[PDB]
Each structure stands twice: as structure tokens, then as C-alpha cells.
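Peer 1: from the sequence below, what's the structure:
(chains A, B, C, D, E and F, ligands or ions: 9)
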Amino acid sequence: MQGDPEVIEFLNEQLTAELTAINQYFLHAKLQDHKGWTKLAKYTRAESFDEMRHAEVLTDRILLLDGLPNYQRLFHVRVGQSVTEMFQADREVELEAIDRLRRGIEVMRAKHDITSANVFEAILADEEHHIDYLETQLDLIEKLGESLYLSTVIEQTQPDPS
Amino acid sequence: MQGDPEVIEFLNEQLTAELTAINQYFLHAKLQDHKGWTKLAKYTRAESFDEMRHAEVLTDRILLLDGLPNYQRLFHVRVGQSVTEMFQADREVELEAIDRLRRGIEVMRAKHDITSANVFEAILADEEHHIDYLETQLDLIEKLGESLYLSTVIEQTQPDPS
Amino acid sequence: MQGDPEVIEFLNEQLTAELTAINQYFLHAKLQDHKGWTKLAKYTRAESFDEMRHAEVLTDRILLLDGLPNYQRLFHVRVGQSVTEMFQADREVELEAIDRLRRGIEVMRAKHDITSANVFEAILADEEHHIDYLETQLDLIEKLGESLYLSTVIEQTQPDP
Amino acid sequence: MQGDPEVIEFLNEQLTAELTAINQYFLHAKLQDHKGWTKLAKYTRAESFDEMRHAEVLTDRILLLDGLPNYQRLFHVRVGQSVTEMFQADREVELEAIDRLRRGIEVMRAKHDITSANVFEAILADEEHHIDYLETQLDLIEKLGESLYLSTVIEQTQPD
Amino acid sequence: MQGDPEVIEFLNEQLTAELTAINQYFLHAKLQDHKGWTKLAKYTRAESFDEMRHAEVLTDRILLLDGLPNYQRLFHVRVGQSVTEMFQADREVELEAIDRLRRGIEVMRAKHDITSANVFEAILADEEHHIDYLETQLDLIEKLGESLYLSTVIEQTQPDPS
Amino acid sequence: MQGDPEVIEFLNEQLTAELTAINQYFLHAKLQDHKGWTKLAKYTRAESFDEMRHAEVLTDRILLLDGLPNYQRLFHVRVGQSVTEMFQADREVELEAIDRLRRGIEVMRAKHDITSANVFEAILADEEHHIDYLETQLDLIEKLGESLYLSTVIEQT
Ligand SMILES: [Fe+2]
Ligand SMILES: [Fe+2]
Ligand SMILES: [Fe+2]
Ligand SMILES: [Fe+2]
Ligand SMILES: [Fe+2]
Ligand SMILES: [Fe+2]
Ligand SMILES: [Fe+2]
Ligand SMILES: [Fe+2]
Ligand SMILES: [Fe+2]
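Peer 2: Residues are numbered from 1 along each chain as shown, chains lettered A, B, ... in the order given. Ligands and ions are numbered 1, 2, ... in the order given. Dropping the coordinates below:
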């Protein structure tokens, strides 16, 4: 039971993209946390955890196919100062991810392999949901005003009592 | 046993510093309470209690060595009318405390003492966290605007543990 | 709606006296705790906390009338070695407190003000109770002696039961 | 409040080495779980999570000093097929980490810094404990024999 | 990993001192209980258990660093009759421990190892606390009087139900 | 009340032997725990605690007789690197202990003391039980083998 080499390379590329997503999301979460912004930090921390779960399932599937996952390669990492650059870079990486997912799902369904294809469209759906969230928040910050919007994520108003 | 005068005088100076910090922070919390701003008052109250604990432990340490803790003399306590200048004053007294503590801990580690060096380390860490929070707060208020930021604290607390 | 000066410096001076009292009481409690006299330390700590509540409410009232609280100045703080001198110092402090509080309460009661007078009889009642306790303690120490009283108060902090 | 270049660069190097260690531990854990050595898999997962928390505290400290942490560059990672070589790779990365750590702690204590010195002290202690575990396990495996140890570590109690 | 025998011999000295201290305190606790003196016996029991824990940490550290823990060497064990000389002997034992631990901590921190330095710091703090207790109780028994002091600890009852 | 010198000497020798056993058991327990043989370490700590309680009751009895216990002096302590040598060391120290116990029992019984006889009987029974356990482990290891015996006791939790 050996998979095709193109299947292995597609899984490896997706795994590399997931690792880059993990690193970028964690570094961002730390940046917003240091800036003091709380809700953004916790939401992106949850997003990073979800990406780690995706990496888990992908590496299990590729390991079952009798392959050697490569944990050495990593794509480029982008950092900015304001929230707009955060959202723009995240949108870019998710867009390239969706393109790769669509190509991979098409070819995988073409070349008689399904379970890998199934986890492919699962990751596809999750990432398209994340893109929708990112796009709607980008629109909201564009319309609302940067300072006025950021007045929302930060609040010290005794949240402990409940 | 009995301690050499250097450690005793450094501990007494530190005691004076934390007494000044306690008085300054309590007055800041009370004045913040009068102007209706709520959360800042409770945060500063917690800081005041932390400084009270620091003074208590330092007094215990100095009294262990058969010294004479001084409570007669204080430093110059200063007051502000708006948020910016009291934040600045807290930062100033904090920087002075950090520099003096670093010098004393170095010279007193050089003269055979660790336990009091350890308590100085603890005070250093707590004061460093306090100054980092102060600096982040100052940057946020300068970026966002005094009025808009002040709008975020006045009400809508709702402490209901039950 | 702000009050006249005479009331405000009366309150500010009373606050300074309270701050000196809390510092002296805390120092005495810490010393007696180190020496091994535990129950005395507990009582002195309770007294110090009550005096701190006094200071807090009194400065709240000072701020109420659009005042300018000052924390810079302090009265004299005295220290002792045996229980006798500590108790005597506390007695002198309390005597000055009651005298000055009475003069202040009457002088501003004669000037169409009530709430500050009210907090003043509250403080005065507390100080009268405290001076009563210190007086009876000193009298009992005189009646019995020194070593026996310490034997009564001293306890072994075993912390193993 | 800004820190010196030497301390921040030491922090960055340690963070990078630790991230590589996290990745390596996770990889070995997954391969151990694949072949049925479940107990080793649990142990490796616990160690990887501990390294994750250590990296989190390290990046918090470096970001405290108006630093710029890097998650881009990594060091080389190695993999193994049997227990002996993977254990040896673990031990050697631990040794290099502790050596760099001792040099850094001495330099920083000379350069008037305390909090970072304390956190490197804690990390040094934990890596000392972990290297002790690795060495004792390697010696036990050597004495006992590979087949018997593998028979010991097997679970085979999968519910379905 | 291997150790330079300086730290090994310092740890062995501390180990032997701890063992002899354990024996001394255990004997003194038994004797005070025989005299009917209860609370002193309980406190000595607790501090003897503390010293045993210290010895356990010491031997754990010496075994970790690839040492050979020697338990054959024992220092001098001395006894008394009244409370005064028992307290005095405890005081001098603590003083010797403080001095030896001081020399060891300085010389070994001058040798690029700090973990055993940290455990030495903890032990030093504990011993300073214990010697402070010894000094204060000796001073109070001197001032108060011996028989009147012993009247405070004696109690006439059956074996206390724990 | 006043005891006889010979029974006091026997009690002191017993106390010294118990202290030596405490030392050897604790050191052996730590050595075995450092190598991952968990269950043996746990049992050895249990035996050490038993020896401590035995030493404490012996101290109580010897102190009852208006005598002075001995703590400065202790017997020789022996350590090994494999399981067999420590097992034999425990066996031989227990053998010499049981011999001295029997002799002291006879002499002090002839010297009219009674409660000491009972406490020596209790310690005798416990030491005999420990000897039984040691011999059973020894011949089990001998017949079965070093490797498999070490394998069946490691935990790695
Ligand atoms: Fe994660
Ligand atoms: Fe994904
Ligand atoms: Fe402070
Ligand atoms: Fe308070
Ligand atoms: Fe008062
Ligand atoms: Fe690491
Ligand atoms: Fe014990
Ligand atoms: Fe100790
Ligand atoms: Fe025994």
C-alpha cells in the first residue's frame, strides 16, 4: 500500500503551509497580546490551535501512506505593524492555500484516492470559513475607523464578576 | 546575625520608596474613584495592596538582621489632575526604583548575601511587570485619544460573581 | 458648596495623625510578633487595620467637599522596648487625638455642618474605647508584673497539630 | 527599557533551537505511536508539550524587552528508525542546548540582567532532568536488549 | 555529564552535617518528651522531618550529578540536660552549617553551576529561619525565667488524640 | 526503677543495628529508584520506614530504664552495584541481627525482664519475615534470570 509520489508531494506542501500558518498565527497572537488587545489575541490563538489540529490529521494520513514527512521546509513569514497588514497577509496565505487545495482535490479525485481527498475538502471548508471571517472583519474595520474599532477589542471594565 | 550597614541602609531606602509608592497609588485610586472612573481605581488599589505586601516582607527581612526600619521619612509624593501625568509620575518613580534596586542587588550580591538578593529579585520582577503595563497603557492612550479611551471605563462593569 | 478652610485643615491634620498612628501601630505589632508575643501582635494588627479604615473614610470625606489631601507630611513616630513604653506612647497619642477631635467637632458643629461632625463622634468613640483598653492593660501589668504577663501572652507556634 | 544586543540574540538563538526541539519531539512521537509503542508515545507527547510551554515563556520574555522574535529560521532536525539513534539525537541536542545555556547565563549575569537569568536557570534545570532520563533509559535499553524492551513497552489494548 | 569533585565534597559535607543534625534533634525530641514536655517535642519533630527532607534533596542532587553518596561519615553528636544547653548546641550547629554552606555557595557559583547553588540557597534560607527561632526562644527563656517558662509548655493529660 | 547493664548494652547494640539498617535500606532504595526499577524502590522505602518505627520503639524502651542510648556509633554499611550483592548484604545483616536477638532474648529472660522480651520477639518475627522475602526474591532471580527479572519490574510512567 504505497501512495503516488504526487500525492506525497501535495500532502507535504499542504503540511508546510499548515506549519507556516501555525507559526504566523502564534507570533501574531503574541503581538496583539503584547499590544494589550485581548479578544483578537484569544481568537487568533484558537485559530492557531485549529491549524495545529489540521496539521495533526494531515501528518497522520501521510504517515499511514508509508511516507516520510518533511519537517525542515518552511515558507516565508510576514509581519506588519497595524491590524490591516495582519488581516491582509492572513488573507493572502489563506487564498494561496485555497488555490492549492482546489488543485489537489481535483487531481486526487482524478487519480483514485479518496480519504486524502476527503481531508482535503475538510481543510478547504474550514479555510473558506476563516477567509469569510477575515474578509468581514476587514470590511468592518475599513468602514468603521481604525481607532474607533480598536476601542472595542480593548476593555478593562471588571469582566471578572458573572 | 547582624548585618553590615550597607544592606541595612539599602533596605531602609527601599522601605521609604515603597511607602511613597503606597501613598501615591492610594491617592491616585481615590481621586480616580471621585471622578467616576471605576476600573482604573480598582486596578490601582490592587497595585497598592501589592506594594503594601512588598513593604511588609522587606520590613520583616530587615528586622531579621537586628536593624532599625525607618517609617519617619518619606520621599516626594506628587499628584496629577489627568491620566497622562499620573501615568508619567508612576513611570518616573518606577524607573528610579528599578535603577536603585539593580545597583543595590549587584553590590550586595558582591558582599555575600543571597536571600535578601532573592527578595530584591522578586521586587524587581513585580516592578518590571508594573512598568510594562504602564508603558503599554500610555502608548494605547496616546494612540487612541484621551476622550474616546476614557469612554471605555466609566460604567458597564456589572460584577456579579453569582 | 465647598466648605470653609478651617474645616479642611482640621480634617487634613486629623488624616496625618491617623497615618502616623497606623505606621506606629504596625511597627509595634511587627516588633511584638518578632519577639514571640503573638496575641499582642494580633490585637495590634487589628487596631492598625481599624485605624486604616478611619484614614480611608476620613480622606473620602476630605475629597467629598472638593479638598486637596496631602500625604507628604507626618507627625513624630516613637518606638519603645518593653510593653510599658509602647502603651504609654499610645496613650499620649490617643489623648492628643481625643482633645483635638473634641475641639474640632465643636468648632465646626458651631458652623452649620453635620456630616464631618458625625464622622468625628464615630472616631472619638473608637479612640475612647482604645484608650480604655490600653489603660486597663497598663493597670493589669502594674498589678501583676512583667515576666508573668509575658508568660500569659507568649505561646509556642508549634504548627504541628 | 531596551535591552542589549547580546542578550536578545542569545534569547533568539535559544528560542530557535527550542522550536526545532519541539518539532523533532512531535515527529518522533508520531513515529513511535505508528508502530505501537504507546507508552513512549505518551512520554514524548508530554515532553513536546513541556517544550511548547517553555517556548511560550521564552517568547514572552523576549517580546518584553522591545525585541523582535523570529519564527522563520530553524536549525537542522534529525530522524531515526530505531530507539537508539533517536535517543542519541535527543541527548546531543540537549547537550548543545545546555552548553549554550551555561555560556549565556554567565554572560547575562555579567551584563546586569536578572529575570532572564532566572528563566534560563529554570530551563537549564528541566533540561538537566530530561537528559538524565534519556541517559538512564538508553543504559537500561542497552543492558536489557531491544526485543525484550519492545515487548515491555507494547500495549496492544486498542479498544477497537 | 560529570562533576568536579569540589561540588561533590561540599555536598557530602552538607549531607553528613544534615544526618548528624537529624540524629541530634531526634534524640533531643525523645528526651524532651520523656521530661513530659510536649509542644517542644512536636516542634522538634517537625524540624527533624524538615532536615530529613533536606537530606533527601541533597542525596538526590549528588546522585543526579554522577556522585557516590557516602553515609558512613558522621560528625560529633552532643547532648544536654537543661533547655539552655540544648538550644545553645543547636545554635552552634546551625552556625557551622551556615558558614560551610556560605563557603560552598560562593566557591561553586564561581565554577559555572547554579542548580545545586539554588538548592543551597533554599537550605540556607531554611537554616537562617531555624537559627532565628533558636535565638529568639533562647533570649525569651533567659529573660523570663526557666521554671516559669517550663510551666507554659507542660500539660497534664492522657496521650493527646491526634 | 533501674535496669541492669547487660540488657542496656543489648538494647544499645540493637539500636545501632537498626540505625545501620535504616542507612543501608534508604541508600539502596535511592540507588534502585535512580535506575528505573520502581517497585523494588517502593518496597525498599516501606522496609526502611518499618526499620525506623522499630528503632523508635527500641529508643522508647531503652530510655524507660533510666539509661542512655547510643547514636554516635554505627556499624559498617555495605553497598553494591547489582541486585544480587545488595540482596546478600541484606541477608547477612539480617542473619547477624537475628543471632544477636536470640542471644539477648535468652540472657535477658534469665535476668527476669519481661517487656523487653516481648519487644525483642516482635522485632525477631519482623526480621524473620524480611529474611523470608529476601531469600524468595533471591532464588526466584537465580532460577529465572537477571534480564527477565529486571524486565518484569520496570514501569517508565
Ligand atoms: Fe498550538
Ligand atoms: Fe488549514
Ligand atoms: Fe516595590
Ligand atoms: Fe488596606
Ligand atoms: Fe484615631
Ligand atoms: Fe529545549
Ligand atoms: Fe521519617
Ligand atoms: Fe538543612
Ligand atoms: Fe529491624
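Peer 1: so what's the residue nearest in space to the middle of chain A up against?
Peer 2: When Cα atoms, centre = their mean is applied to chain A, the residue found nearest the centroid is residue A:21 (4.8 Å). Going by Cβ atoms under 8 Å, 6 or more residues apart in numbering or on different chains, residue A:21 touches A:48, A:51, A:93, A:97. C-beta here means a position set from N, CA and C on the backbone, and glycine is covered the same way.
Peer 1: where's the closest residue to residue A:140 other than its chain neighbours, which helix or strand?
Peer 2: Ranked by Cβ to Cβ, 6 or more residues apart in numbering or on different chains and with sequence neighbours excluded, the top spatial neighbour of residue A:140 is residue A:149, at 6.8 Å. Using DSSP states H and E, the element containing residue A:149 is helix A:146-153.
Peer 1: can you give me the end-to-end distance of stretch A:110-120?
Peer 2: 14 Å (Cα to Cα, to the nearest Å).
Peer 1: go through it and flag the buried ones.
Peer 2: For stretch A:110-120, a neighbour-count test (16 or more other Cβ atoms under 10 Å in any protein chain shown) marks A:113, A:116-117, A:119-120 as buried.
Peer 1: and that stretch, anywhere near chain D?
Peer 2: No - for stretch A:110-120, no contact with chain D is found by Cβ under 8 Å from any Cβ of the partner chain; the gap never falls below 15.9 Å.
Peer 1: give me the residues contacting that stretch.
Peer 2: With Cβ under 8 Å, 6+ apart, stretch A:110-120 has contacts from A:3-4, A:6-7, A:11, A:14, A:57-58, A:61, A:65, A:101, A:104-105, A:108-109.
Peer 1: now the residue in chain A that ligand 2 sits nearest to: how far from residue A:14?
Peer 2: Closest to ligand 2 within chain A is residue A:54: 4.1 Å, counting by Cβ to the ion. With distances taken as Cβ to Cβ, to the nearest Å, residue A:54 is found 9 Å from residue A:14.
Peer 1: repeat for residue A:98
Peer 2: From residue A:98 to residue A:14 the distance is 11 Å (Cβ to Cβ).
Peer 1: these two: which is more packed in?
Peer 2: residue A:14 (22 against 16; other Cβ atoms under 10 Å in any protein chain shown).
Peer 1: can you put the contacts of residue A:21 in TSV and add neighbour count, secondary structure and distance to residue B:135?
Peer 2: Formatted as TSV, the contacts of residue A:21 follow (neighbours: other Cβ atoms under 10 Å in any protein chain shown; DSSP: H, G, I helix; E, B strand; the rest coil; distance: Cβ to Cβ, whole Å):
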residue	neighbour count	secondary structure	distance to residue B:135
A:48	19	helix	26
A:51	24	helix	32
A:93	19	helix	32
A:97	22	helix	37
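Peer 1: and of those, the nearest to chain D?
Peer 2: residue A:48 (11.6 Å; Cβ to the nearest Cβ).
Peer 1: grab the nearest non-local neighbour of that closest one.
Peer 2: Closest to residue A:48 by Cβ to Cβ, 6+ apart is residue A:25, at 3.7 Å.
Peer 1: run a quick neighbour tally on that neighbour.
Peer 2: 21.
Peer 1: give me phi/psi at the residue in chain A positioned nearest to ligand 6?
Peer 2: Residue of chain A nearest ligand 6, by Cβ to the ion: residue A:71 (15.8 Å). Residue A:71 has phi and psi values of phi -100, psi 20 when expressed as degrees, to the nearest 10.
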